[PDB]
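Written below as structure tokens is the structure these notes are about.
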Amino acid sequence: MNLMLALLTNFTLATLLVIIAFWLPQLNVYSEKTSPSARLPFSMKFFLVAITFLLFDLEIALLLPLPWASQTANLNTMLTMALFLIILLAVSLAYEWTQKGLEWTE
Amino acid sequence: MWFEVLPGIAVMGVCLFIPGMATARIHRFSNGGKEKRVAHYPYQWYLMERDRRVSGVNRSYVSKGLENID
Amino acid sequence: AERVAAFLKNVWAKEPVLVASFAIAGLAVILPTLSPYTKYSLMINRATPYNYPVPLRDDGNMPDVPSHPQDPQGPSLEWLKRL
Amino acid sequence: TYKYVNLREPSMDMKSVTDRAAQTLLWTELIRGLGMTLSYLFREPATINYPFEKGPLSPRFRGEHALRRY
Amino acid sequence: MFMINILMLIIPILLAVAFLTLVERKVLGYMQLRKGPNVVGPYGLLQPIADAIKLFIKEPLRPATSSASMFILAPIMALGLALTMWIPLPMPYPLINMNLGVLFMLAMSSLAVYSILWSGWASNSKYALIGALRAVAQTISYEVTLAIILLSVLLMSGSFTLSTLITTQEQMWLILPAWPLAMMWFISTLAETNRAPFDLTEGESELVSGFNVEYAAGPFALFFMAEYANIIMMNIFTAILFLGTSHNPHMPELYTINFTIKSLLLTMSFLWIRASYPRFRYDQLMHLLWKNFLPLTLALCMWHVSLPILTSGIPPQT
Amino acid sequence: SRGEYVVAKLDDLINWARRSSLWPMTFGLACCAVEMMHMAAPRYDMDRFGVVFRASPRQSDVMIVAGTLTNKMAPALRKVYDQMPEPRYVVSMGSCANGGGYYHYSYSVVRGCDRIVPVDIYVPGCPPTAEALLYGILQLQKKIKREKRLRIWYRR
Amino acid sequence: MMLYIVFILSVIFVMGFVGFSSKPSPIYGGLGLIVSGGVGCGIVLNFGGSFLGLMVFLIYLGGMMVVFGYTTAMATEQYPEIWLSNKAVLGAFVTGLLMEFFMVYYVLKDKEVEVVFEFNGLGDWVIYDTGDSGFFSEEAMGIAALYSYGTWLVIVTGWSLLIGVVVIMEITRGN
Ligand SMILES: CCCCCCCCCCCCCCCCCC(=O)OC[C@H](COP(=O)(O)OCCN)OC(=O)CCCCCCCCCCCCCCCCC
Ligand SMILES: CCCCCCCCCCCCCCCCCC(=O)OC[C@H](COP(=O)(O)OCCN)OC(=O)CCCCCCCCCCCCCCCCC
Ligand SMILES: CCCCCCCCCCCCO[C@@H]1O[C@H](CO)[C@@H](O[C@H]2O[C@H](CO)[C@@H](O)[C@H](O)[C@H]2O)[C@H](O)[C@H]1O
Ligand code: SF4
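Residue numbers (PDB author numbering), protein chains in the order written: chain A, 1 to 36, 46 to 115; chain a, 1 to 70; chain b, 1 to 83; chain I, 1 to 70; chain H, 1 to 318; chain B, 24 to 179; chain J, 1 to 175.
Below, the structure written as structure tokens:
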């Protein structure tokens, strides 16, 4: 219950601050002003950094249980598979690195 | 001089100190002068529920000792 | 050799971050197989009692199973106290 | 007469290569820059308390015009 | 009683943010051989109040937003998440004692990138959106090292419970066994919060950095408060993670005093760094993450998985 | 507990906040911008008055016109002024911005920035000293202190 | 009413789904999915899946959905049509909430409805387990076992992620 109350309170206050931040200036009654999809074009590089983040982020999901995994009796198996995951994460980086997937020059 | 920066830092320090001090004091106020019980695992929660029954007042932080033995 | 030592010199001059990264990773993969205290990690994990130790029905011929927890028989944690 | 501002070839022995590796990994030259800004923090600032204090001028200063008399 | 506890956390947070703005200007001032605010209130102690009133009665900016709902959602999300990051922090006792508190903080911070994305979408400007996307790419890139570094330290702590980090450092600060991870952690927090030398949203290389360019934005104050609340929170998290304070159950206030000092000093170091260095180029800070921190962080993760096993120092699970 | 009293004290509060937190947008056009930079420099430290050095035009409350305004530049200056959120003030710094100065008779120069935007303070000099500009900024603060927006509203 | 927290959350879960399934502009479609994901995590938490719930926030919301919104901005939408300002989008949205409302009506009133499967409306709490007093989280123990029991799973999952990096670089090179 407490966590729900905390989240409700935090986002309730944030909401009130936002609306009063938008209403309080209307007290001034400032004068009227009367004076002012598709590609972006998007670079492929900015798409590829986002995708690389995602795939690296998925591999991090598999590594999060490591603190618990170290409590097992089969430590040799656990350590072998833990290093296997991190190494494949390094191999993903090495492949990206050596095919110029990490460059910003056009 | 550089020590005229301290008054603003002192205000920051007091503001950051309050949440930690408040939580500790409110916890002891609400749990009979003791630390709020930590129940991260079912076994700990199971004992806390048992204490709430054993207390006779429906509060897990009311402890019954050998006075209840007979 | 000396060709090998020269190559290690060029990377240590140009890519010290990667040299450190491969050195640290290499130790991570090698030292566990060489360490004598690795065996204790397995023993300690097996000495942690998460579950109740269900008693055995005493048929009458289990000499090495203690009848009471403080009897001499059964696995000891003397090695752990000293470690 | 002229001097070169940037024409030094770094030495390539262990002692020197490892000194540069330490700088790269341990950020030593970056830490040095922090030392300089920390030293300034403890210096008296140069700010005068205008308008109670005024920047120095000289008799030649050219300001607002005026017509004079005998 | 709990409702009092929440307000005794939220309100002081907003006051610390207010007066951090004064501390930043005075610390930056003295490192620049000047004073900073010392006229509005004694030693400038009223300057945060004058700025706050001034900003809230200022006229709202033009042009109009492209999406009203996203325009309003972004500041709510930024500030709502910023305050939420504080609820599991043990100081020494948390408001909410979570068994997975460290994971909660990772998860909530990964959601902070949405306010950047939504405010770029609601800016009604093609160039402002491109600026938001560069900021997002920076944020998520450095989230990778924060997660992996955090995982490496927890292999010495043994759980995801924030208050277990206190027990882990009862004898010694984790910065000694893990100073290489602390170095990269501290820089990642700078880059994560878009702080100098990683403050490219406030830099000179953005398509919208031109002074005469305009796009829908604001309110400025609410976004600013959210950002500075995260600066303090990250430095509080950094202290707990690497500079653990001893906790005496009978004198919790001593923990809080010592813990507050360490957080303040770390926060002041953010100001120290902003005064000392030039700004990274966008491609150079990407290179710093992907080609320096990440290879070394993966290697140190391998090391910290192996080290407890080979030394027989695996921490407890509970 | 009259409405005149409350309106009077509320005016003082908002006036205090606005003058105590003046964020300038410096339009550094020519030489006068150098003296403006010496007003931010350590000796005078404009930031100590609450006047932040470099503020974006989106959050600025005052535009300082520091230099010659040419015809080719006049449209861009008016555009920045129109985009400033209110309340907004203009300080004209130096002879060129005040009335054309040395270049008053040029075919390419606007003869005073007050042909383009309304000006609140005129700072004379070529250039005004950093202290002269600071004097002018403090003069603007007192002009803001004298404002009576809420008193006038109450008597409408 | 707090005793039906799971059911109430699952109603919001469906409403969010009707949100993005009526397919408004992709910008608001992502918003419906983000809310559904957050509610989805909430349902999993109330069954004792704390780690699983937080994975949704960290990986599904903080990872996958961030990338969706990133891609939407660059390649798809820059400004959206007003939500529910289109005939088909609004008609689909109204249709979904009517179906949800009637399912909720009959399940609560008759305490049971039947569509393909038989559903009981007593309350999701009635099926819970009545014995819990271990000194650990069973969910965490099962996930931790990935590295001891699940060697084969790690290999194929690890290989697929590596191949994903390779494949996506191939696809996007353009030559
Ligand atoms: C017994 C064996 C046990 C096994 C473990 C052994 C490990 C020890 C040996 C490894 C040492 C690891 C050091 C960890 C730091 C990471 C090093 C690093 O990546 O820095 C290099 C990086 C790039 O450097 P650059 O020269 O630009 O280019 C090189 C690439 N071509 O450049 C940088 O990152 C510079 C930093 C950029 C940011 C500058 C602004 C911040 C500077 C001020 C920070 C002050 C210190 C902060 C400390 C905080 C601590 C809480
Ligand atoms: C807001 C301000 C708050 C402060 C209040 C006042 C207290 C001040 C305390 C701050 C201390 C730092 C300030 C002094 C730094 C300046 C000293 C210096 O300049 O040393 C430079 C030295 C030489 O560098 P260099 O010339 O390049 O030589 C290279 C080959 N010899 O370079 C070096 O030798 C560097 C050696 C250290 C390298 C360490 C690398 C980083 C490791 C991170 C560990 C962080 C541990 C401390 C974190 C805090 C926890 C206690
Ligand atoms: C109860 C608390 C209520 C909230 C109160 C919030 C008060 C905010 C006071 C801010 C004080 C000024 O602080 C200063 O502001 C300017 C923004 O103009 C920042 O300036 C920075 O961002 C802007 C863009 O946003 C850049 O144009 C500028 O180059 C950069 O330096 C400074 O980094 C900051 O140090
Ligand atoms: S007024 Fe004088 S100093 Fe200023 S821009 Fe004109 S010529 Fe230069």
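Beta carbons: idealized from backbone N, C-alpha and C, even for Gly.
Which one of the options has the shortest CA to CA distance from residue i?
i	options	result
residue 97/A	302/H, 131/H, 310/H, 232/H	302/H
residue 266/H	48/H, 236/H, 116/H, 281/H	236/H
residue 150/J	66/A, 91/A, 106/A, 114/A	91/A
residue 20/J	113/J, 29/J, 12/J	29/J
residue 57/I	153/B, 166/B, 162/B	153/B
residue 136/H	59/A, 32/A, 83/A, 70/A	59/A
residue 116/B	60/B, 177/B, 179/B	60/B
residue 162/J	21/A, 66/A, 112/A	66/A
Go to residue i, then tell me how far its beta strand (DSSP E) extends in each direction, as first and last residue.
i	result
residue 48/B	47-51
residue 109/H	Taken as a continuous stretch (DSSP letters only), residue 109/H belongs to no beta strand (DSSP E), being part of the alpha helix (DSSP H) at 101-110.
residue 160/B	Unbroken run through residue 160/B is the alpha helix (DSSP H), 153-168; no beta strand (DSSP E).
residue 120/J	117-120
residue 86/B	85-89
residue 145/B	144-146
residue 116/B	112-116
Just curious, the alpha helix (DSSP H) that residue i is in, first and last residue?
i	result
residue 302/H	294-311
residue 24/H	2-31
residue 5/I	Neither: residue 5/I is in no alpha helix (DSSP H) and is coded neither H nor E.
residue 81/b	78-82
residue 80/A	Here residue 80/A belongs to no alpha helix (DSSP H), and DSSP marks it neither H nor E.
residue 163/J	151-173
residue 146/H	126-157
residue 7/a	6-30
residue 55/B	55-63
residue 51/J	50-55
residue 62/b	No alpha helix (DSSP H) holds residue 62/b; DSSP gives it neither H nor E.
residue 18/J	5-21
residue 180/H	175-192
Which whole-angstrom value describes the C-beta separation of residue i and residue j, a residue pair presumed to lie in contact below a C-beta threshold of 8 Å?
i	j	result
residue 144/J	residue 77/A	4 Å
residue 181/B	residue 136/B	Any property of residue 181/B remains undetermined from this structure, which presents chain B solely from 24 to 179.
residue 46/B	residue 84/B	5 Å
residue 136/J	residue 50/b	6 Å
residue 300/H	residue 177/H	Not confirmed; about 11 Å, so no contact.
residue 306/H	residue 88/A	7 Å
residue 95/J	residue 26/J	In fact, because the Cβ distance is near 21 Å, the residues do not count as touching under 8 Å.
residue 63/A	residue 63/J	6 Å
residue 17/A	residue 126/H	Rounded, the Cβ-Cβ distance is 30 Å, inconsistent with contact.
Mind checking whether the beta-carbon of residue i lies closer than 7 Å to any heavy atom of ligand 5?
i	result
residue 278/H	No copy of ligand 5 occurs in the structure displayed; its ligands are ligand 1, ligand 2, ligand 3 and ligand 4 alone.
Problem set entry | Neighbouring residues (CB closer than 7 Å to any heavy atom of ligand 2) | Spelled out in chain order, the answer is 19/I, 22/I, 23/I, 26/I, 27/I, 28/I, 29/I, 31/I, 32/I, 34/I, 35/I, 38/I, 41/I, 27/H, 175/H, 179/H, 182/H, 183/H, 243/H, 265/H, 268/H, 269/H, 271/H, 272/H.
Exercise. Relative to chain A, which residues along the region 102-114 of chain B have a C-beta separation below 7 Å, given in chain order?
Worked result: Within the region 102-114 of chain B, the qualifying residues are 105, 109.
Problem set entry | Pocket of ligand 3 defined by Cβ to heavy atom distance under 7 Å | Residue selection by CB proximity (closer than 7 Å to any heavy atom of ligand 3) returns 14/H, 15/H, 17/H, 18/H, 21/H, 24/H, 25/H, 48/H, 51/H, 52/H, 55/H, 202/H, 221/H, 224/H, 225/H, 46/B, 75/B, 77/B, 78/B, 79/B, 82/B in chain order.
For this session: Give me every residue whose Cβ sits closer than 6 Å to any heavy atom of ligand 4, in chain order.
Result: In chain order, the residues with a C-beta atom nearer than 6 Å to some heavy atom of ligand 4 are 53/B, 54/B, 55/B, 90/B, 91/B, 117/B, 118/B, 119/B, 124/B, 125/B, 149/B, 150/B.
Exercise. Taking Cβ-Cβ distances below 7 Å as the criterion, which residues of the region 32-48 of chain I are in contact with chain B?
Worked result: Correct list: 45, 46, 47, 48.
Problem set entry | chain A contacts from the region 55-67 of chain J (Cβ-Cβ distance under 7 Å) | Taking a C-beta cut-off of 7 Å against chain A, the contacting residues of the region 55-67 of chain J are 55, 59, 63, 64, 67, listed in chain order.
Problem set entry | Residues within the region 104-122 of chain H neighbouring chain A, beta-carbon criterion of under 7 Å | So nothing in the stretch comes that close.
Exercise. Taking any Cβ of chain H, which residues in the region 69-100 of chain A have a Cβ under 8 Å from it, in chain order?
Worked result: Per Cβ criterion, the list reads 69, 72, 73, 75, 76, 77, 79, 80, 84, 88, 91, 92, 95, 96, 98, 99.
Problem set entry | Residues of the region 77-91 of chain J with Cβ closer than 7 Å to any Cβ of chain A, in chain order | So the close ones are 77, 78, 79.
Exercise. Going along the chain, which residues of the region 40-62 of chain a sit with their C-beta nearer than 9 Å to a C-beta in chain J?
Worked result: Under the 9 Å Cβ criterion, the region 40-62 of chain a contributes 40, 41, 42, 43, 44, 45, 46, 47.
Exercise. Along the region 78-98 of chain H, what residues have a CB closer than 9 Å to any CB found in chain a?
Worked result: Hits within the stretch, in order: 86, 89, 90, 91, 92, 93, 94, 95, 97, 98.
Problem set entry | Positions along the region 69-84 of chain B whose CB lies within less than 9 Å of some CB in chain H | Going along the region 69-84 of chain B in chain order, one finds 70, 71, 72, 73, 75, 79, 80, 81, 82, 84 with a Cβ nearer than 9 Å to chain H.
Exercise. Of the residues that make up the region 32-57 of chain H, which ones have a beta carbon closer than 7 Å to any beta carbon in chain B?
Worked result: For the region 32-57 of chain H, which is checked against every Cβ of chain B, the residues closer than 7 Å are 32, 33, 34, 35, 36, 37, 38, 39, 40, 47, 50, 51, 53, 54, 57.
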